[PDB]
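Chemist: below you'll find the sequence and an experimental structure to go with it.
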Amino acid sequence: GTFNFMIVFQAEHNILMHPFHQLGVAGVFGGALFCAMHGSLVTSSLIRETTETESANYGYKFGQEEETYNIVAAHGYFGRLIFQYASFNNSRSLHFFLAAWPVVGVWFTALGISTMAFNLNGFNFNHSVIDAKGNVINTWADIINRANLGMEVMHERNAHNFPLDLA
Amino acid sequence: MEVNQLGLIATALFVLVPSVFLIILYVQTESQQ
Amino acid sequence: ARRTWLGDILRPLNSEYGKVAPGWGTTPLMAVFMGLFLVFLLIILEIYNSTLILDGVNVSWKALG
Amino acid sequence: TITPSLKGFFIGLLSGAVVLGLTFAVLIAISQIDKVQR
Amino acid sequence: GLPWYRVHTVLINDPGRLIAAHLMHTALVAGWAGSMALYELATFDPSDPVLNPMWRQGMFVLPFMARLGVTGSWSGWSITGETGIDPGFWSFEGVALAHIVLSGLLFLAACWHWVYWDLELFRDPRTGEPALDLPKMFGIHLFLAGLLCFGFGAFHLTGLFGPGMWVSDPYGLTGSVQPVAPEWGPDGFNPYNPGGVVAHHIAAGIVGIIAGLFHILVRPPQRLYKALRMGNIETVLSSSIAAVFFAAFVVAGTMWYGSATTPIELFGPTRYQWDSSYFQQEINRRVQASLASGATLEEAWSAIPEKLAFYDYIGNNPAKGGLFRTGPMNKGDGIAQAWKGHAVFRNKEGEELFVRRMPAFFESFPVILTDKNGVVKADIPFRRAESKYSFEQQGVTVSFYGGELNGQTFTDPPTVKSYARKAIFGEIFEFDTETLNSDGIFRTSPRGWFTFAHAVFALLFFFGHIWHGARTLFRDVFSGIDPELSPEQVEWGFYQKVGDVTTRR
Amino acid sequence: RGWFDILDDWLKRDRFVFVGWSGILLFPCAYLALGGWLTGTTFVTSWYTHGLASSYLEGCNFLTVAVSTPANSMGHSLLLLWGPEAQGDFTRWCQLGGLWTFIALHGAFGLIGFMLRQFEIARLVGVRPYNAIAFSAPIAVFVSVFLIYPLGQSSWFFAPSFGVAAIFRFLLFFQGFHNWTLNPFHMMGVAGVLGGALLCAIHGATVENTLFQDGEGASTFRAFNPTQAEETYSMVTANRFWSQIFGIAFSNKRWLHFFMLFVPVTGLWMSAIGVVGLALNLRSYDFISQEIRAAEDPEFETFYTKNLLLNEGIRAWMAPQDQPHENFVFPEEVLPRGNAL
Amino acid sequence: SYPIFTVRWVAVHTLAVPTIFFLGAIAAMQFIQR
Amino acid sequence: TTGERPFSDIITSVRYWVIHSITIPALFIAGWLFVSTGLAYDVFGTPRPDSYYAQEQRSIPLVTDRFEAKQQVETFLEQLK
Amino acid sequence: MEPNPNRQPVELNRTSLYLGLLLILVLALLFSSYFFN
Amino acid sequence: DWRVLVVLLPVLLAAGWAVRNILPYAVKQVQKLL
Amino acid sequence: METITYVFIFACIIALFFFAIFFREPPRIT
Amino acid sequence: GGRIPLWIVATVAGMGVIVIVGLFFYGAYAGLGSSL
Ligand code: CLA
Ligand code: CLA
Ligand code: CLA
Ligand code: CLA
Ligand code: CLA
Ligand SMILES: C=Cc1c(C)c2cc3nc(c4c5[nH]c(cc6nc(cc1[nH]2)C(C)=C6CC)c(C)c5C(=O)[C@@H]4C(=O)OC)[C@@H](CCC(=O)OC/C=C(\C)CCC[C@H](C)CCC[C@H](C)CCCC(C)C)[C@@H]3C
Ligand SMILES: CC1=C(/C=C/C(C)=C/C=C/C(C)=C/C=C/C=C(C)/C=C/C=C(C)/C=C/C2=C(C)CCCC2(C)C)C(C)(C)CCC1
Ligand SMILES: CC1=C(/C=C/C(C)=C/C=C/C(C)=C/C=C/C=C(C)/C=C/C=C(C)/C=C/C2=C(C)CCCC2(C)C)C(C)(C)CCC1
Ligand SMILES: [Cl-]
Ligand SMILES: [Cl-]
Ligand SMILES: [Fe+2]
């Protein structure tokens, strides 16, 4: 039923072409990316506290006061991976950044559903490109529209008696 | 429903074999300390 | 450790752990064979792909008769 | 025999070699001018 | 204690028990091979290699035995359908038996090596520690590999001392095991040339003997030994995995596109043969020529062997299956019984009409009939009210030339439509759906399943390569970084060369 | 002090952008993939491969612009500039879709280069290489989707075209033709991506709201010091809070950050496996039990059967413009449609 | 006493030089008419 | 910290803007001309608004041969002259 | 002959058991529908 | 054709301009390299 | 039988929830 | 050397972007790509 809902949404609102949905993907993809990044950076810079024959996790004891990784080493690796000034050396800034990116992205995507609820839909570039005579020159937007149309005409196939599905 | 008969045995083993393996290692871990 | 007839025979085959030729050794020559092998894999790939087309190399099932 | 695509292949092969060797000529050069001290 | 995911690291410095583990894995693999064949023998129907060949029956190892020359059963049948043979001991059954006995012998060896792990052979005579001279081992094993690769090509495949290998015509009609002469020219790199497989093993085998000799006598350069941690058995696992996933990609690819080593009588047609209408072209070639030679329409199609007509049918396209649609292809569309005949459509004006064929991409496909020029002249309509091309309005009929329905014509619209719906699948067959209680849904062939499993494993083993290569090159920090890394080694500018402490300013 | 070492010296100097040996593969290939995409999106058409306009020059905007895939008729041609298709003609090469292969291949070799860079820098710095390992996940996705998938199909034509809306079309294609949403390997990827984003947001928020008071200012960012030994937030209070709100909480900082690597990496890997199945049209398209009952029982209806009607709409309504090489002609009367619409 | 030309100099110009050029080409394009 | 010159120090520098207040417009103009001269069309093979179709044509000029493809689009292009 | 010195004890803590059982059960819950088909 | 020199003249002028304004400072860097 | 299987698994998860919360390894400081 | 105040550089570059971005949006309603 979830999938039904998201297919019909696309047909009626063109959510893929809506910027607030695009910011949701950016918040979700970026969130998964930064999750992986942060987990791999801390994990890469754990301080040797254990032997080969035991989980490194036993190198941290719940409630110890010293940090369990070297953040300057993590900074030094990632700064060189890209360049120095695109890496965090302040753990508070870094952890706030982790929080804000997917929260904000997902606010926007929630706002997307919430405003498409009032039928302010995604960008419509259907037949936006035409030639000197006025032939339509299709783009990917028009192909997307052929797909949206197939969804449109088939959904709830016995429930429409008039030509426009206005709600 | 006309459903794949072996689905049942497949599901049971799929659950049982991996689960039993974990329990074996857990219990013999507790018996050490 | 346990000695065996077959072990004594095979002994010298497992006797030079750690031995190395000095410096770069045969590395220059390895690299020649590596590059020859690359070009040869290229040829083989582009033949299969049909971006390399050769006379009397009909890359089709119809090359069985 | 020696088909157009075989000539193209050699065109590609020589182009790549040119680019790689040029790149490494330049890199060997710079690395000699600007060494690290020690 | 060790975590569950590291139990097998207790073998890393125990060559005997490492050999014992490797023997046990070899035992299990040969036992599988033996158990899989025996299951396939117990379920295989050999009575029709035309319409119910092994690849319709979900046979997976049977075709590998057949590929290298095992073709008969102690029961007197063979897969080419000749009856009364005597395969000797190397029947399908004897091959299965050999692998089981091998599994058992391997299993006992494994026990002996596990118990008598402490062999002096495994000890460095200098230091007394266990040690394996991996560089010399590689030369030895490579030498052995080269001899076997050479022998396989020079004797088994040539038929000098052996049976040869499966070869066939381009249209997979007359396959058999034949000795194969090596192709030494440039067409030997053509994947569709069997002579090239012979040459490959002969030439590559000699290169392997020569390389093997090199690698037994010449020691690795000090630079490489240190770069590649050649005293560390895990560097071999990393490079061995890489080679394995390389090979697995190749064999997935050649299975999917097809080559001399993946013939269609053992694995089924490829999807590309459907895409390019490979068999349909050939069928039409024969009918057009039958008819130039003055045969009737009935006569020309009746001359088409059913086996060739069955290739021209989308149900044997491997790209028509589903992941969880299990079992043999026969469980889907059924057990093919007969070619019904080639169906010819005509409208009320006697124009011939052509059913547009389902492409592999489409689970369902509308029924649309065209003239020789591509013009739509009839269809099965969805919305009836404004339809202009119905079979009813256009007076479509179907006539059958060849096969079971040869010389019959149907005009009643429901019948005609029914064959039109099957015509999108290509040539039209009669199926037994009762026996296997077939559910009517296409499944993929062994070509499909093999490609899927080997591409998936190839990709997963890529991660194993990355993992164990990381573990080889970063062994010193596996357990964590140095608790006294200083910020100068990691801060910028401090050293001219990164990590080289000898380059301060 | 041979030349090899002199070059190593130079490649591994500490500078604003580290180069390294991996730099030799990374930088040309990354720059070419990226330049090819900007070049094609600004100037190059898809008229002859797809019957589409696809550059700024033709009137497209950032959403609709794309470097499109080659014509189906190229099969899986490497489409080398010097190859038998374009025959050295840059212009024709562009027109036949050669920039797609240029970008896809230089991109693949840049990705390798970048992963080698993560390996090189980690080795020089003295850290474990878990960031290189995590980056295997993006690689799997890229190869499976852009290489393996269309290699299992008839041609590159059916790989993704490099463009915002072209990728949206690829999403919708996979719903109607492959029913990809139904695929349990995609669902495991969904749970890894969404689970990753959750972890990301919940871990950042937790740290920021269990901070220790280490300075006097209202802005708490000022009170961290990269070289302090002390944890900057309370694992203990964080752990009690989550144990009491959610029932369970992390107690091991090391496990937590490994779990953060594990979840999104694993999910991407699972979805790559699924795309390999669809390379072969090996879909989880149907449930056989449902279909049998539905064929026999015209009153039986589920969300499963409703979504297949939508897929059927998608295929028939989009196929002819999306697959121009097939010359699909679907007269009005064969199009599936519900009432009125 | 800084260098003017560096690897850094090059990476920057590698990107920024075609960026402007491209912005010029795209600016002109807003004025194309059918 | 690596010994290159700080960015903030270059872009506030008078010598920097003396060069780049030329180089930046020259590049922007050069890009302009590439388009306004029509050269970009010819280099890349991109159709002009008047040359997607022939006058009465509605067929896409779709490449349908692999090794004759070059010859195909040249044929489709002279079907406009 | 000596007893083998490379033997090591194996551990699975209670949290790892909970985690792994959840994994298996949820995997079972996801794939069971497809096994039944 | 001729449009090329059109396109390319601003850039030679741009390179020309920077060549002259920087040449002196740029030679001090080259002397320093040993 | 499919219904019983689905619900059985779902029931095991709920039981597991119960033990993971109330019968957890209790975290202990330092 | 450090002559121009950086706040000034920022404002002008800032407006340089708006200008060109505004042109691209203007062009979404004019000429090619406008539907007209
Ligand atoms: C690669 C492709 C891709 C990607 C990455 C995304 C990504 C996203 N899409 Mg798009 N989508 C796509 C393709 C894609 N989509 C396509 C092809 C279509 C058209 C078919 C759509 C149609 C579409 C629609 C129609 C919607 C999305 C939504 C979303 C978001 C879903 C996640 C979310 O809402 O988190 C948000 C978080 C939640 C929903 C979680 C709430 C959890 C509650 C608070 C608690 C639950 C408790 C639980 C029951 C019990 C747990 C306890 C335990 C013990 C059991 C996300 C930004 C959705 C969105 O934006 O939502 C606003 C949405 O409605 N997408
Ligand atoms: C004693 C010898 C022996 C013989 C004659 C056979 C014969 C057979 N086996 Mg059995 N088998 C054996 C041992 C043997 N097996 C052992 C020891 C095992 C346990 C590992 C197995 C496991 C096994 C399985 C699991 C299967 C078979 C199968 C088969 C059949 C097909 C073989 C085939 O296609 O191989 C094909 C082999 C290859 C393609 C190997 C390629 C080698 C790669 C390329 C690596 C080369 C790397 C090398 C180091 C580089 C060298 C460099 C070069 C320069 C020289 C055939 C009847 C198949 C069958 O039908 O079973 C019933 C099957 O599926 N066998
Ligand atoms: C490369 C391995 C391989 C291949 C390609 C084949 C191929 C085939 N076999 Mg064989 N088989 C094999 C191995 C293989 N087999 C082995 C090892 C066994 C022993 C168990 C068998 C036992 C066997 C029997 C008993 C039968 C076959 C049959 C068949 C055919 C039907 C296959 C089918 O329905 O697939 C079904 C495939 C699937 C449903 C896909 C399952 C993959 C799951 C989804 C992966 C699990 C995901 C995992 C949980 C993810 C979690 C990861 C994360 C948590 C980290 C086909 C020719 C049948 C046949 O027709 O023969 C006559 C038959 O009856 N095979
Ligand atoms: C020739 C292949 C090969 C070999 C010999 C090894 C050997 C090793 N690996 Mg590697 N590895 C490989 C392939 C291989 N690996 C591949 C392809 C991958 C990618 C998935 C990995 C990923 C990997 C990781 C991530 C890790 C290892 C680790 C290890 C070590 C401990 C493993 C252990 O105790 O398992 C214990 C395993 C179990 C108790 C149960 C596993 C059950 C699995 C999940 C399902 C069973 C599948 C079933 C048996 C069918 C077999 C598969 C089919 C291919 C035949 C050991 C040295 C570990 C290590 O480095 O420790 C230092 C480690 O952390 N490996
Ligand atoms: C709830 C919504 C949801 C969510 C969260 C997802 C999540 C996912 N989908 Mg699914 N999807 C959904 C809904 C959703 N989907 C729906 C409704 C459909 C319709 C059927 C699809 C259809 C769909 C398709 C068709 C595909 C996915 C794929 C994926 C995966 C994308 C993985 C990724 O990061 O790619 C990101 C890409 C990469 C990691 C590749 C490499 C990235 C490199 C590093 C980029 C380099 C950039 C460079 C440096 C600079 C560029 C700059 C330039 C822009 C200027 C992920 C598991 C893909 C998948 O499973 O692949 C295995 C896939 O092909 N989805
Ligand atoms: C669409 C989503 C997506 C994008 C855009 C993306 C992007 C990136 N991820 C990186 C890193 C990572 N990604 C990671 C995990 C993940 N990444 C994910 C999803 C993505 N990752 C997900 C979901 C995860 C969770 C597992 C990790 C763990 C890392 C890193 O370590 C690394 C990093 O440093 O992040 C900060 C960077 C690699 C830089 C690089 O290779 O430069 C070199 C550039 C090259 C080689 C060129 C590639 C060319 C590509 C492949 C083809 C051409 C693309 C066109 C130019 C543009 C087309 C655009 C259209 C399609 C619209 C880059 C910013
Ligand atoms: C002792 C002995 C003997 C005997 C032997 C035997 C009896 C054996 C057997 C053996 C065998 C009989 C074997 C078997 C094996 C099997 C196996 C080894 C299998 C496995 C499988 C697997 C691994 C699977 C997996 C999977 C699944 C399950 C699902 C799907 C997916 C997959 C595929 C992953 C003799 C007399 C000779 C001699 C003396 C001694
Ligand atoms: C392909 C090719 C090549 C190369 C090329 C190159 C390398 C290129 C480059 C190119 C480039 C390098 C380009 C660039 C461009 C850029 C652009 C075009 C940009 C844009 C941007 C924008 C527009 C932005 C804006 C914005 C926004 C939108 C939002 C936010 C803010 C900002 C401001 C950022 C060669 C020769 C080898 C040959 C073959 C082919
Ligand atoms: Cl609906
Ligand atoms: Cl209505
Ligand atoms: Fe953290």
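Modeler: In hand now; what should we look at? Residues are numbered from 1 along each chain as shown, chains lettered A, B, ... in the order given. Ligands and ions are numbered 1, 2, ... in the order given.
Chemist: phi, psi for residue 25 please.
Modeler: If you meant another chain, say so; for now it's chain A. phi -60, psi -40 (degrees, to the nearest 10).
Chemist: residue closest to the middle of chain B?
Modeler: residue B:16 (1.7 Å; CA atoms, centre = their mean).
Chemist: which SSE is that residue in?
Modeler: helix B:7-30 (DSSP states H and E).
Chemist: now for that helix, which elements pack on it?
Modeler: strand I:10-11, helix I:14-36, helix K:2-22 (3 or more CB pairs under 8 Å, 6 or more residues apart in numbering or on different chains; DSSP states H and E). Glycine gets a C-beta too; all of them are placed from N, C-alpha and C.
Chemist: which residue is nearest the middle of chain I?
Modeler: residue I:20 (5.5 Å).
Chemist: how about it, nearest residue that isn't a chain neighbour?
Modeler: residue B:22 (4.7 Å; CB to CB, 6 or more residues apart in numbering or on different chains).
Chemist: so that neighbour makes contact with residue I:12?
Modeler: Yes - proximity of residue B:22 to residue I:12 meets the contact threshold set by CB atoms under 8 Å, at 6.4 Å.
Chemist: what is in contact with these two at once?
Modeler: Shared contacts of residue B:22 and residue I:12 (CB atoms under 8 Å, 6 or more residues apart in numbering or on different chains): residue I:20.
Chemist: of the helices and strands packed on helix B:7-30, which is nearest residue C:63?
Modeler: Residue C:63 lies closest to helix I:14-36 among the helices and strands packed on helix B:7-30, at 41.5 Å (CB to CB).
Chemist: dump that closest one to CSV, restricted to CA.
Modeler: What follows is helix I:14-36 as a C-alpha-only set of coordinates in CSV (Å, rounded to 0.1, in the frame of the first residue of the first chain):
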residue,chain,number,x,y,z
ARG,I,14,24.2,-11.4,25.4
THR,I,15,23.8,-8.2,23.4
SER,I,16,25.3,-9.9,20.3
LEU,I,17,22.8,-12.7,20.8
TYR,I,18,19.9,-10.2,20.9
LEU,I,19,21.2,-8.4,17.9
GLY,I,20,21.8,-11.6,15.9
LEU,I,21,18.4,-13.1,16.7
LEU,I,22,16.7,-9.9,15.7
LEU,I,23,18.6,-10.0,12.4
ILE,I,24,17.6,-13.6,11.7
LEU,I,25,13.9,-13.1,12.7
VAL,I,26,13.5,-9.9,10.7
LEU,I,27,15.3,-11.6,7.7
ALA,I,28,12.9,-14.5,8.1
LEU,I,29,9.9,-12.1,8.3
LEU,I,30,11.0,-10.3,5.1
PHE,I,31,11.9,-13.3,3.0
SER,I,32,9.1,-15.7,4.1
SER,I,33,6.6,-14.1,1.8
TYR,I,34,8.9,-14.8,-1.2
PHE,I,35,9.6,-18.4,-0.1
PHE,I,36,5.9,-19.0,0.0
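Chemist: how about that helix, does it reach ligand 3?
Modeler: Yes - contact of helix I:14-36 with ligand 3 (CB under 6 Å from any ligand atom) involves residue I:27.
Chemist: list the buried ones in that helix?
Modeler: I:15-18, I:20-21, I:24-25, I:27-29, I:31-36 (16 or more other CB atoms under 10 Å in any protein chain shown).
Chemist: so which elements touch it?
Modeler: helix B:7-30, helix F:184-208, helix K:2-22.
Chemist: list the contacts for the residue of chain H found nearest chain E?
Modeler: As assessed by CB to the nearest CB, chain E sits closest to residue H:1 within chain H, at 4.0 Å. Contact partners of residue H:1, counting by CB under 8 Å, 6+ apart, are A:84, E:491-493.
Chemist: could you count how many residues lie near residue E:268?
Modeler: Using other CB atoms under 10 Å in any protein chain shown, residue E:268 has 25 neighbouring residues.
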